[PDB]
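Visitor:
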Amino acid sequence: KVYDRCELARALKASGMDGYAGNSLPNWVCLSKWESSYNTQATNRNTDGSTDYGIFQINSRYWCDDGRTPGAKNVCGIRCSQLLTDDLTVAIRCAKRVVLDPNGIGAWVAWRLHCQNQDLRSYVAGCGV
Ligand SMILES: CC(=O)N[C@@H]1[C@@H](O)[C@H](O[C@@H]2O[C@H](CO)[C@@H](O[C@@H]3O[C@H](CO)[C@@H](O[C@@H]4O[C@H](CO)[C@@H](O)[C@H](O)[C@H]4NC(C)=O)[C@H](O)[C@H]3NC(C)=O)[C@H](O)[C@H]2NC(C)=O)[C@@H](CO)O[C@@H]1O
Numbered sequence: 032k033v034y035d036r037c038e039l040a041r042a043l044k045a046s047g048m049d050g051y052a053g054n055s056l057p058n059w060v061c062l063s064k065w066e067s068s069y070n071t072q073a074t075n076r077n078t079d080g081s082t083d084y085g086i087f088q089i090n091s092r093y094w095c096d097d098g099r100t101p102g103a104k105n106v107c108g109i110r111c112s113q114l115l116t117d118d119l120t121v122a123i124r125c126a127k128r129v130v131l132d133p134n135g136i137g138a139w140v141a142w143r144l145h146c147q148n149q150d151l152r153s154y155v156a157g158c159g160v
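Position one of the sequence shown corresponds to residue 32 (this note's numbering), numbered consecutively onward.
#1: What is the DSSP secondary structure of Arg110, reduced to helix, strand or coil?
#2: Kindly indicate which three-state DSSP category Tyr69 falls into: helix, strand or coil?
#3: Which residues does DSSP pair with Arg76 in a beta bridge?
#4: Taking just the CA atoms, how far does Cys111 sit from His145?
#5: Using only the alpha-carbon positions, how far apart do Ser67 and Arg41 sit?
#6: To the nearest angstrom, how far is it from the Cα of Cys61 to the Cα of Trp142?
#7: Is DSSP giving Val155 helix, strand or coil here?
#8: Determine the extent of the alpha helix (DSSP H) in which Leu39 is found, giving its start and end residues.
#9: According to the Cβ coordinates, are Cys125 and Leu115 closer than 8 Å?
#10: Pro101: buried (16+ other C-beta within 10 angstroms of its C-beta) or exposed?
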């Protein structure tokens with residue numbers, strides 16, 4: 032599914048992402064936009080054999096099992112395929128686990144690049160959330 036920006040903002044707010052581990056909602060909408068253009072089916076293969084999956088582009092070296100990644104740890108304890116559904120439940124559950132590690136939201140390259148230190152008001156403007 033390709034989510035609409037406010038549609039995604041509502042689903043994230045409903046799921047307790049607003050303020051999760053101290054990260055306000057706009058943070059999550061901004062990273063989703065730059066990581067996947069709001070597409071739950073987005074996939075990106077890396078030079079290292081890993082692949083990034085879903086709306087949050089979660090990497091198969093550490094978080095999920097895709098059966099073809101060298102030295103994979105599967106910390107979320109899921110199949111990477113579960114990160115590509117229209118339903119965001121599993122992706123959200125795994126994103127919540129990722130941000131608890133020491134690097135926090137800095138785990139996401141797109142966040143470090145396009146969202147960190149920026150004015151993110153625009154990402155939730157007009158959503159009424
Ligand atoms: C630019 C590019 O090629 N790639 C990006 C890709 O980097 C993004 O995926 C990110 O990959 C990085 C690099 O592998 C991941 O960071 C590692 O994350 C693990 C897990 O948190 C860290 O190990 C943790 O280390 C802490 C501190 O020592 C320990 O407390 C924990 O025990 C250990 N946890 C476990 C469970 O092993 C490791 O240190 C990180 N490495 C570095 C150098 O920071 C990052 O998690 C990952 N992000 C996501 C969202 O999957 C990816 C997404 O932006 O896109 C591009 O492909």
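Built from N, CA and C at the ideal position, the CB exists for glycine as well.
Guide: Based on what the coordinates show:
#1: strand
#2: coil
#3: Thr82
#4: 25 Å
#5: 18 Å
#6: 7 Å
#7: helix
#8: 36 to 45
#9: no
#10: exposed
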